[PDB]
Amino acid sequence: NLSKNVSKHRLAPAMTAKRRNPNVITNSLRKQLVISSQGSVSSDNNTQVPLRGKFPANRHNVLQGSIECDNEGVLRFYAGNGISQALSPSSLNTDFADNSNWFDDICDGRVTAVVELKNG
Amino acid sequence: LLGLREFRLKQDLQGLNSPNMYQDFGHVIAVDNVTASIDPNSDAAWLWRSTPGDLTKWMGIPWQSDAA
Amino acid sequence: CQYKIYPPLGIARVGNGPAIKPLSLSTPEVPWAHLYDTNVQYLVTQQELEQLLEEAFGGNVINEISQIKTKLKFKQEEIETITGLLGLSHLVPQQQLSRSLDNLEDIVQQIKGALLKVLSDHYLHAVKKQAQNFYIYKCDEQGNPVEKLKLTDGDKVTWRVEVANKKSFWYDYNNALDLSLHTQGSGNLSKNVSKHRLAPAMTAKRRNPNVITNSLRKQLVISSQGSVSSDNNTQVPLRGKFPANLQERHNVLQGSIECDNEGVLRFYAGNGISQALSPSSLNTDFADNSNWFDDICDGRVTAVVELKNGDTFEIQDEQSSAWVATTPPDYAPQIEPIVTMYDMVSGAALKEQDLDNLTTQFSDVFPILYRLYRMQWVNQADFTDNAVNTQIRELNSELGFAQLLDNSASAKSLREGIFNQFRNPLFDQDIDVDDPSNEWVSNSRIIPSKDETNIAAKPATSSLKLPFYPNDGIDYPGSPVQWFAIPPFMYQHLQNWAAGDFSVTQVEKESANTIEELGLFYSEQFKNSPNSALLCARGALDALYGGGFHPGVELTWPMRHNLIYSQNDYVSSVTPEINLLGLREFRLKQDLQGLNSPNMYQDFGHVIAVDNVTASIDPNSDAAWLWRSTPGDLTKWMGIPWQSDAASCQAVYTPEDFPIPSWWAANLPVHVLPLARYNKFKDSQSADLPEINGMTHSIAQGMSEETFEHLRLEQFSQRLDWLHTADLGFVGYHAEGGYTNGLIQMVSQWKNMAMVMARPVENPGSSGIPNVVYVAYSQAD
Amino acid sequence: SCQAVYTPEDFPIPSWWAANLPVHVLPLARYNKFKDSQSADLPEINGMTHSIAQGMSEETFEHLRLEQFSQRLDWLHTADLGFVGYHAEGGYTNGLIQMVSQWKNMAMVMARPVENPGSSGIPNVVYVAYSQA
Amino acid sequence: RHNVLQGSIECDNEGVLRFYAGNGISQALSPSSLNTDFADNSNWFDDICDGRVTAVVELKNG
Ligand SMILES: [Mg+2]
Ligand SMILES: [Mg+2]
């Protein structure tokens, strides 16, 4: 994927990068900056379950996705509605990547299952 | 047609309850941290064992800024 | 070693005043000589211009003029001759002089007032240039300087100066690269900063990145050179070009040099002109503006001595040669930075691990308190929000300042109470540790980023320590290095003083009933010290800031490393019994080829990083050129144009109102006492004036004496934002103001900003106003 | 937009409607540094330790009171209107934008007593600007 | 003080006048005064102009 010449001949040096939302200090308080949610669905009920978190975390509700299981056992994962928002209406997103005070409903995480056969 | 492959991500089996869920490198991140992360015994090796949020955390915030 | 140049690092400051002795200033050659001089004139005055214009008359001018009075609205030949005699073309372009006589029709008085008008339009209230005098000293075996070179008939000295500006060629300044440099610790910088990653160095990209290839980037370097000798005192300009050589091309006056018949060199800096190659390129970053050049420079000063018997002496090697750097103006020359560049030289020679062997006199601690005390004239926090300055006022009011000179147990709680308010440059106090991978997070007041997050701030649990100035690590909210600390070796002196492990003489105690009385005493010790060469080395640097470096005002972080000096030795105390932080022999590392060095145009590729600085430490390495200075190397780190630096060198507001943090207020003031207020407290009620303190004589004398004195103190207490002493974009209906307009307007307005000058109050009475005040002059008033 | 309009000449500073939208106010922080007399029996007196406050001469103590009384703060600076933080832009436009949320945090002027002005020249009733506390 | 070339004029031996306009140079009195409005920028001048063209014909008989 990547030739050693890029690093070897310093063709595009990596830059240092500062923290986003740098005014939130201490790891304990920066945990508020992470939006997380979880859920479970099973083969016995095809009711859709939302994956809903909060920002700042434990104020806005963030729908990170929705999950569905049909009676055949296949999982369907929906992403969020595409809603991005700042904590203040006046905080505008003027940088291509690094805007403090903003959250969006993108997410990624871990998918696991347990198979329960009738014989136990 | 470029082939078929079996691939899997490295995962932290505790997920949201991982002790590395909220790790970072201090005031800045630099290539030095990635160099250190290559060693699977390093204190930086958690960088490659993904917990939830680890794949998309690099991307722009909000994503619409990226897209524009 | 036979002859040496002093000072080893000369400083000249830009100004729009002319490069002539009567209308220029000289870099201090004796520390503290001018602190209370109430006659200083740092701006060109009407009186100076009138005197200059009187001096240019006759010369037989009056008769040469009077003879055409008889012979006749002038003719070209008539004007061409009359102007010639004045010899004023080196101050004003020849044409404008002609246009000025052309609007004419006692005839001498019409000639004088017409010429005074053109001089006044060009120079009245102009910021005077601060020029550097360089001296050759005869030395001993062991290179001790003993006396200035005295030229006899047939002797000659020839000076050579080669300077450059590489700002447009070099890298962005994001922060000080040495903040991540692995170290055992110096007198200037604790090893904790790098070890615990308190303020990581950032990578920096090239300035003017669209100019590619080393060959083409050479155009981005402005350079010039010149020579003058004791046989001719004609001034020589140091003029370069940008871009250097259908390319539109600008002349850049980097300085001017003069030598007198005694052999001393006078170096003038440029006029302070900064410009973009296109008028539409505005300087909207505090340091890193592409397409811009300025007339700052630095470079190598050498000489050759020719004695009459044929003996020739080359002053070329680095132990005997000198350096010159030009810098922004000093807008409060009598207000000294709390930590100076001379202190950086002194601290660079010390290892942090050996600071326990330091020996302390009170005269090593007093400069800190005295300088902090005098910051009240340029910074509000040190006037009304500094508990140490208020305590010094308490002691002064009962003539009890000498208790601070008592090293006995009875005074320790007094000394410790003061010491405990100062920030420790280990940066390990007032912190909570995440993961005792460690991160040190201040539990004191942080300086937030402009990039806001609407989440409740962590309440501070520990008091904000002194001084209230930002520092190298300001980019990092919660870093202890956001705030300035006096460097390790000066904090050690202060800790020794608090503990009682200091010495002081009885004569000092007897002159120590008030801080000003002791300040005057120490000033006299400098004045009478017999080592003029080393005092002039120190005087050049004691008016320069020594931190924080973001990037700074005059110079930046390489100066606090011993790597940049080829020599740095303690020689002696200022006085046999009084150290006053000492006198030192130091020299810069120099590349002896100067402008012709093959390393003149070196860089590190697309970015510079602390890794490049790491590689440069080994003097045999391929990166060691970084420390062997060629012309332009000292000032290339600074902001381009410098006016952007200065406009960004002011206040940094916190969510809490007070104290207001300020960057470099001793040289770029933040809150000043305007002339307008001086004229409203300067007079006593008995003054014989039709107007007294801005009141009619009748009103001023009708009020009670105490009410009159109260009004004096209220006026004395009104401090004005220094950024408001000229039009930086906030003037007028619907003016936007703001930081960015400050940067843009400062390019033209730097020369109209207020200049702080000591002035007298003849009869303060019981008002509480000192007999010497420091007053800011601008034409905005 | 109802504040000062600066002229090229420093003083006087023109102000629009200062009686209802103040321009220069006397903050609480200064009030707490001149309201006490030297005889106050408190561990902190006018922002000084008891020992320092009582060690200084009466004339100097009164002078310090009056200097604090004289420190007037721009009303626009009594809340974060876009000038706070490293590289904050500040300026007129950010003031308008931030005032939509920050109007409720601007300083409020209230009459307050000075029980013992002594010979300081401070009136017995002062008008003090309170913000965020 | 700025020089502004508003045009140039030439007459040939046949008596016809040729009028050239300026070089199209527009400028502010300060480099920092930017022209951020579609029509009405203070501190700016340009080299556009207009004016009056007159002549006198002199024949050989007087
Ligand atoms: Mg100064
Ligand atoms: Mg009202």
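First the proteins, then the strands, lettered A, B, ... as listed; each starts at 1. Values reported hereafter were calculated over all heavy atoms of this structure, with side chains retained and with hydrogens, waters and symmetry mates removed.
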Query - Donor on one side chain, acceptor on other, C:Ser274 and C:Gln643, under 3.5 Å - result: yes

**Report entry** Pairs touching residues 311-327 of chain C that satisfy salt bridge (charged side-chain N to carboxylate O under 4.0 Å, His left out), sequence neighbours left out
**Finding:** C:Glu318-C:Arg628

Query raised in the report: Between C:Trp625 and C:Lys636, what is the shortest heavy-atom contact and its length?
Result: CZ3-NZ, 4.3 Å

Query raised in the report: Closest heavy-atom contact between C:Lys218 and C:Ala244?
Result: O-CB, 4.5 Å

Report summary line: When every non-hydrogen atom of C:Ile257 is compared with those of C:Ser227, the smallest separation belongs to CD1-N, 4.0 Å

Query raised in the report: Just wondering, do C:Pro641 and C:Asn289 contact through their side chains at under 4.5 Å, heavy atoms?
Result: yes

Query - Side chains of C:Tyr6 and C:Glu585, donor plus acceptor under 3.5 Å - result: yes

Report summary line: For C:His550 and C:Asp472, the nearest pair of non-hydrogen atoms, with its separation, is ND1-O, 3.5 Å

Report task. Dump the intermediate steps for side-chain contact (heavy atoms from CB on, under 4.5 Å) on C:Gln235 and C:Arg266, then the final yes or no. Result -> CA-CA 9 Å; C:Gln235 185 179 104; C:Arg266 192 168 175 79; over 6 Å; no

Requested in this report: Would you kindly say whether C:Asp591 and C:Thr630 are connected by a side-chain donor-acceptor distance under 3.5 Å?
Outcome: no

Query - Side-chain donor-acceptor pair present, C:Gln593, C:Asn596, cut-off under 3.5 Å - result: no

**Report entry** Test item: side-chain donor near acceptor, C:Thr234 and C:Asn232, under 3.5 Å
**Finding:** yes

Query raised in the report: In this structure, are over 12 heavy atoms from other groups packed under 6.0 Å from C:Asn528 atom CG?
Result: yes

Report task. Check whether the side chains of C:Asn271 and C:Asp295 place a donor and an acceptor atom closer than 3.5 Å, and report yes or no. Result -> no

**Report entry** C:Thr327 side chain to C:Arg13 side chain, donor-acceptor N/O pair below 3.5 angstrom
**Finding:** yes

Query raised in the report: Does the pair C:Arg371/C:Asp343 count as a salt bridge with the N-to-O cut at 4.0 Å?
Result: yes

**Report entry** Point-to-point distance, once rounded to the nearest 0.5 Å, from CG of C:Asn562 to CD of C:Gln567
**Finding:** 10.5 Å

Query - Ring-ring centroid check C:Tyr331 C:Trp722, cutoff 6.0 Å - result: yes

**Report entry** Which atom of C:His125 lies closest to which atom of C:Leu43, heavy atoms considered
**Finding:** O-CD2, 3.8 Å

Query raised in the report: Is there a side-chain contact between C:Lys241 and C:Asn251 (heavy atoms, below 4.5 Å)?
Result: yes

Query raised in the report: Between C:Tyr545 and C:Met341, what is the shortest heavy-atom contact and its length?
Result: O-CE, 3.2 Å

Query raised in the report: Taking the six-membered ring of C:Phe267, is NZ or CZ of C:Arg160 closer than 6.0 Å to its centre and within 45° of its axis?
Result: no

Query - Short side-chain to backbone donor-acceptor contact, C:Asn188 and C:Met344, under 3.5 Å - result: yes

Report summary line: ring-ring contact (aromatic ring centres under 6.0 Å, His included) filter on C:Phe286, not counting sequence neighbours, yields D:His87

